[PDB]
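Novice: missing the sequence, but the structure's below:
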């Protein structure tokens, strides 16, 4: 793109542009980023310099806002559009765009060319100028990293111990550690500061009582017993205090997620494995506090008179600091994710047991979260997800009544990773989850040996699998056909018996509306759904003479220059 | 119904499926709009049946919050009976209407497992408005602390699994509910629902409970909708006032020297989905005033129990075994100054917001907006005289400083000639409680508050006669509400239209005293400095109610 | 250590520059020279942050990292640092004695890998925390040198707490010293632009609770810098802090607070401050009749106010006089009446009279050389308005003579650059004070475009009009789209209308020999555009008599042709 301007051939460069302006703008908000030369600047610089345009205004802000390099290019593509209907086009982003134009104009050794371009934009329109901004909406609410935590100190000139805030530099330090182009003395000396608050917040949870080393077994065998009430008490209680709790919790989350980032920096990795592993085997013995403490949803109906201890930080944020925090992008830290989850797997499956630990300990409590990332946005999260459950299925392979209880969550999550992930996402995600789906499906079907075992989870898993052989995006449909082929060999029954429960919950949406509506993705989904039906011995042989006349009529209709559509014309979409 | 129809189906659904439920000829009219609405655009109709059906189904809340809002309704009506006008309160007990109501209320709960534990605490007849009230405060505290330890972010794929699979059911581009209300003439720039986010939140209200589902639109904008399963059937009146003060806003926006300071009412949307369930965008992190009062009082050692406890036992302490009664009023001044002096001091809300915003800049431009729209709020209370304003009925925005209200209810009978609504507000004209005066200024209280409250009135009386042509029908439906509330309503006779016109002239006259500088040199806004001179005086705030909370 | 035969120039001249060094061991060796040679009592170091360091450190870098060294180097050896505002996570001990009911009661079965495991935590976590204050400090200092947003967030939290031991008998000395540090350290700090400059030492004063009672003008002179919204803290605090005693402090705070609001030029937080500050009622009547837009009755009520003034009543607070006469000039300038106050601009107000240069004239050739004897004697301390006039004189001199000087397009651009200097002086939020500057830009791109229009018709004496010069229709059609909005202010409307009429009269009297050769038809007569349009917007604010009297310059060359009679009788009738 940086080597032709004034070239006439680009009236053949018209068949491809929205199909790339989509496929640049559905990633440029979301690639984040790399080691910070020219990474989102590349995609912005593609969307600006290309040749109907509601698309192009979304990256156009990013040029003016963050980048000192794309400035004149975004200004020169900001002037040339200046008729009447332009005001609804820039309409959502004006309070961003006209904010960024206020950032540029400034006297300094700063440029004397782009600022006069800004003055020329702001003067060529005078009545299009300020009738769009109103009194300001977006204000700053002493948010995530902004709260203080007034620890004690002692200053040598004063008698009494003055309380003063312990965390001024927790925005700036965490901004240094991520920043790549930096000297290692300031970054290492930012890791020495930043984790010290994390160590302060666990300091009155690091003392252990006098008779404790045996008491964990008293906690573990307490799980296998019935009717655990408590003394009838009638005492008042302090309350939630919501948006200081959320600030301190998300603060603590940012500290230890910054430890997980701080692993992937040289001459810090060994030290971050020391503190990181010491936190992870610290944060598994508190999980049994979460077990028998929140065993009080059971053991009687209510017994409303309880103790309910004092509303502290639950240490269930490890549930949101392995999966959410290590869906990351550098991915040397993802090694710290698999190392981490193996380590909590051994300690959780060590102190608590090995068959009951998959019933009440940490592994279902975080495997629920690995189910949850499979429904998330942002392909980085899905890559955290399928990797997290592949470390699940290779350690709960043999010692498992577990995985047959929580199967229908796992096949739904691993089928939703396939089901909607965008085309511009890297295709090592949707082909490392189909294979993993077949690994799990091979594991949890190795003992059904007759055509009768279709009781509950077999029934919902087969209904879930075979009733989605339509939708779109045929990685999922061919993933489904490959799944039905690969579980029709482990005690191989015919495919029709793997479908006879759900053979009627698959065709009524096909035969219900005839065709020539409900656009192309599910139309090819129905027809290539009836690829897989007739390619088997004995099913589905009557009453579809309307379908053949409507598909056959749907290709004898010479789709050029007639009604090959329903609403959108051939002149619009191409 | 033939061209637009997504701008119809939300309301046609609930009024068809209410008039055709509780009940002739009107619901046969309402079948026609749904049938012809069904023929053209069928997949739009079925695709909206998915949303209405599943949002009705999976958001039937739980089996603990029905008990929570049950407790808290019993308390807010319990103290309303304890101070409504029962007696002069000489060692009270519960009247028989209470026991009939809550013995009757046992079937209102869930069937199995409350009933020994709650039925073991009022059938024993030890309720005497000391065991009953304090007992309900215990049950509310234990139930509220039970709703701390639940999850704050429920996953949508396990809560309602269809609405996560909704966006790959990908056709026809459902527009977002709640944008055909404000006009925006061009109708070709609405945001469509791209996908429904996971992690549905979970809000513990002070008096109720609700979740909110947050939607990503195709432009890339994330914005939520509070879903609430019990909506009380006076929601519709709150909607129609929400149709009124947005209706003024066009010709109020077009006027010069209103637009210079841009008052712009900023009253929320509310769309229905059911005869009982409406969703409306209580977006992320903006609170009431009463929640600030709870945060201060429990941030102190006390709780809001101790205030009504304090005035209750001081008040009846001045009656039982010693009855001076110099009046109610001069006693109410004394207990009111005791509340301001010893509890709940001055500038508590200012001390909230100046400690909540970093970078004081961001606070200042806060209240320069907050003083403006509260002005455009107070007019919205002074015109079409509504009600008291309990401080959990107004909502401040914490980003910009906007103010709106739920409970937009316009209600007397002390003059049985001229029977219907829109008579007086009792003792203070509006709400200018001193702990929002200490935040509002004393410089913005005259330079922003007053000149707005004049500017709206002269901006509305002279475009040309708009208040008459709106308030004809928009007061007329309040007349039909006044007859149809009681079991009277059979007097639709040509006294109806002049019976509208007298309240029309009462309101258009009512917005005139604060509206014209007449002949002489006045200061200006002297009806405003008069009426806020009354609305702030402690003699006038002492005589009003205690749920209105004139101390905060 | 004590040999004072060397002069102490260099413990001041490169030594305090010795932390600009951008080298680690260098900087740490200099600061260990300083911090191992001074006192230890934190009050008698907080003196020597303000009493010492006579090096100006002119306009370069935030020198308070070194301040935070001279006070952070006096903490103690506390090894707990008990955090106390967060209610820490669920306890190991106390949570595990919440079951008395069912006696499970494992009795010493500690023979597993748990025997290897559990004790390994207690030996670790007893030594894994061990947090000392000094090691916690010494990894925060290197956060400062990378980024200047942590020095602020540490100074705001620090400075009102070391001040909590500054007892009386040393109070007025510290106030009297800090006055000499905020405003006059014989030093003007043009230290940066828009970033952290003095706000560290200016936010924190507001967090003190009242050290700041004397100065009030130090608290105002810091407005050429940043800190607009950061000193309004310091002035609005006394109204919630003062008493009846010493009212001159109070009304001093209100009046220079008022002209801080004049510099920001929001008016709604100005009239309320007068009418809760003032003494006479006629200020309240007059100002209350201004803010609606009714300047004629405020004009009349001020005229009532002067004849009630200078009498045996209240002394009108010695500034309501200037309020009455300055608002008298404003309420004059809003409607009309440019002709009236011209001789009042002659007896006084030299800087006034160049704003009064629209005296129903559009030529200026009778006094074309009689104005820059005043313009060249007003361009001391320039503003973009006065620079706009000095650009306009050469802008008209190039229109009088053919090919002129062409000095304007390197005289205008510093006209832009001064307005950008004033833009950067104002804060980052969209103040309404930026509003005028936007119109200012809207006139500058009308000045340079002016140097394109008639210069393309001085050059086009080619005599091919009405067939070649369609650039008039294009770019004069482009003059009808920068309209600005119908609610801005009356002053800038009459500014845009009359000065665009100066451009129209250049393209009438510059066509004066081109007239008799033809009079297809060329004749402009589109001064009726800004007159009927300005009549409409001069109705929509207020004052129907003005837009009656602004249909008075319509009886020149006929102004009848296409739609001018249509909205002429529409607006004149419907008025």
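Specialist: Yes, it's here. Residues are numbered from 1 along each chain as shown, chains lettered A, B, ... in the order given.

Novice: can you report how many residues neighbour residue C:18?
Specialist: For residue C:18, the neighbour count with other Cβ atoms under 10 Å in any protein chain shown is 17. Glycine gets a C-beta too; all of them are placed from N, C-alpha and C.

Novice: and if you look at residue A:497?
Specialist: 13.

Novice: do the same with residue A:130
Specialist: 19.

Novice: over to the one 5 residues further on?
Specialist: Residues within reach of residue A:135, counting by other Cβ under 10 Å, total 18.

Novice: that one belongs to a strand?
Specialist: No - counting by DSSP: H, G, I helix; E, B strand; the rest coil, residue A:135 is not part of a strand but coil.

Novice: ignoring the adjacent residues along the chain, who's closest to it?
Specialist: residue B:369 (4.9 Å; Cβ to Cβ, 6 or more residues apart in numbering or on different chains).

Novice: what residues are up against the one you found?
Specialist: By Cβ atoms under 8 Å, 6 or more residues apart in numbering or on different chains, the residues touching residue B:369 are A:135, B:400, B:401, B:402.

Novice: distance of it from residue C:235?
Specialist: 21 Å (Cβ to Cβ, to the nearest Å).

Novice: with residue C:390 instead?
Specialist: 36 Å.

Novice: what about residue 499, how many residues nearby?
Specialist: I went with chain A, as the question did not name one. So residue A:499, with other Cβ under 10 Å, has 24 neighbours.

Novice: let me rephrase: I mean chain C.
Specialist: 18.

Novice: buried set for the helix or strand harbouring it?
Specialist: Here residue C:499, judged by DSSP states H and E, is contained in helix C:490-509. For helix C:490-509, the neighbour count (16 or more other Cβ atoms under 10 Å in any protein chain shown) marks C:490, C:492-508 as buried.

Novice: by contact count, what packs against the helix or strand that it is followed by?
Specialist: Sequence order places helix C:528-540 as the next helix or strand after helix C:490-509, per DSSP H and E. Contact analysis of helix C:528-540 by 3 or more Cβ pairs under 8 Å, 6 or more residues apart in numbering or on different chains; DSSP states H and E lists helix C:490-509, helix C:544-549, helix C:564-574 as its packing neighbours.

Novice: in TSV, list these along with distance to chain B.
Specialist: Formatted as TSV, the helices and strands packed on helix C:528-540 follow (distance: least, Cβ to the nearest Cβ, whole Å):
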stretch	distance to chain B
helix C:490-509	10
helix C:544-549	13
helix C:564-574	12
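
Novice: which residue ranges of the stretch 201-350 of chain A form strands?
Specialist: Along the stretch 201-350 of chain A, counting by DSSP state E, counting those that start in this stretch, no stretch forms strands.

Novice: what segments of it are helices?
Specialist: A:215-220, A:242-262, A:269-280, A:286-293, A:334-351 (DSSP state H, counting those that start in this stretch).

Novice: who's in contact with the shortest one?
Specialist: Taking contacts as Cβ under 8 Å, 6+ apart, the residues outside helix A:215-220 that touch it are A:209, A:285, A:288, A:291-292, A:351-353, C:96, C:104-106, C:109, C:114, C:118.

Novice: tell me the contacts of residue B:56?
Specialist: By Cβ under 8 Å, 6+ apart, the neighbours of residue B:56 are B:273, B:274, B:277.

Novice: which residue does the stretch 251-400 of chain B bring closest to chain C?
Specialist: Of all residues in the stretch 251-400 of chain B, residue B:361 sits closest to chain C, at 3.9 Å by Cβ to the nearest Cβ.

Novice: that residue and residue C:431 touch, don't they?
Specialist: No - under the criterion of Cβ atoms under 8 Å, residue B:361 makes no contact with residue C:431, lying 10.8 Å away.

Novice: more crowded one of the two?
Specialist: Applying other Cβ under 10 Å to residue B:361 and residue C:431 shows that residue B:361 carries more neighbours, namely 21 against 17.

Novice: nearest spatial neighbour of the more buried one, chain-adjacent residues omitted?
Specialist: Here the residue nearest residue B:361, using Cβ to Cβ, 6+ apart, is residue C:229, at 3.9 Å.

Novice: a strand runs through the one you found, doesn't it?
Specialist: No - counting by three-state DSSP, residue C:229 is located in no strand; its state is coil.

Novice: tally of neighbours for it?
Specialist: 20.

Novice: report the contact partners of it.
Specialist: Contacts of residue C:229 (Cβ under 8 Å, 6+ apart): B:360, B:361, B:364, C:427, C:429.

Novice: quick check: it vs residue C:263, distance?
Specialist: 12 Å.

Novice: quick check: residue A:323 touching residue A:384?
Specialist: Yes - here residue A:323 lies in contact with residue A:384, judged by Cβ under 8 Å, at a distance of 5.7 Å.

Novice: now the common contact residues for these two.
Specialist: Common neighbours of residue A:323 and residue A:384 (Cβ under 8 Å, 6+ apart) are residue A:373.

Novice: so how far does stretch C:142-157 reach from one end to the other?
Specialist: 18 Å (Cα to Cα, to the nearest Å).

Novice: residue C:266: what's it in contact with?
Specialist: B:368, C:431, C:432, C:433.

Novice: which two in those are spaced the farthest apart?
Specialist: B:368 and C:433 (13.9 Å; Cβ to Cβ).

Novice: which one of the contacts of residue C:266 is nearest to residue C:547?
Specialist: Nearest member of those to residue C:547, counting by Cβ to Cβ, is residue C:432, at 25.1 Å.

Novice: hang on, residue A:484 packs against residue A:495?
Specialist: Yes - here residue A:484 reaches residue A:495: they are 5.9 Å apart, a contact under Cβ under 8 Å.

Novice: return the distance of whichever residue of the stretch 451-575 of chain C sits closest to chain A relative to residue C:372.
Specialist: Nearest residue of the stretch 451-575 of chain C to chain A (Cβ to the nearest Cβ) works out as residue C:482 at 3.4 Å. Remark: distance between residue C:482 and residue C:372 (Cβ to Cβ) = 28 Å.

Novice: now do residue A:302
Specialist: For residue A:302, the distance to residue C:372 - Cβ to Cβ - is 92 Å.

Novice: go on, residue B:7?
Specialist: 65 Å.

Novice: and for residue C:388?
Specialist: Taken as Cβ to Cβ, the span from residue C:388 to residue C:372 is 14 Å.

Novice: these two: which has the busier surroundings?
Specialist: Per other Cβ under 10 Å, whichever of residue C:388 and residue C:372 has more neighbours is residue C:388, with 20 against 17.

Novice: which element is that one on?
Specialist: Short version, using DSSP H and E: residue C:388 is in helix C:384-400.

Novice: in the stretch 51-200 of chain B, what residue is nearest chain C?
Specialist: Counting by Cβ to the nearest Cβ, the stretch 51-200 of chain B gets nearest to chain C through residue B:149 (11.9 Å).

Novice: how close does the residue nearest to the spatial centre of chain A get to chain B?
Specialist: Residue closest to the average C-alpha location in chain A (Cα atoms, centre = their mean): residue A:381, at 3.2 Å. Note on residue A:381: its distance to chain B, by Cβ to the nearest Cβ, to the nearest Å, is 10 Å.

Novice: ok so, going back, which neighbouring elements make contact with the helix holding residue C:499?
Specialist: helix C:320-335, helix C:384-400, helix C:433-453, helix C:528-540.

Novice: by neighbour count, which of the contacts of helix A:215-220 wins?
Specialist: Counting by other Cβ under 10 Å, top hit in the contacts of helix A:215-220: residue A:352 with 25 neighbours.

Novice: measure how buried the residue lying closest to that residue once chain neighbours are set aside is and give me the count.
Specialist: Spatial nearest neighbour of residue A:352, excluding adjacent residues (Cβ to Cβ, 6+ apart): residue A:361 at 4.6 Å. Neighbour count of residue A:361, defined by other Cβ under 10 Å: 25.

Novice: I am finished for the moment; much appreciated.
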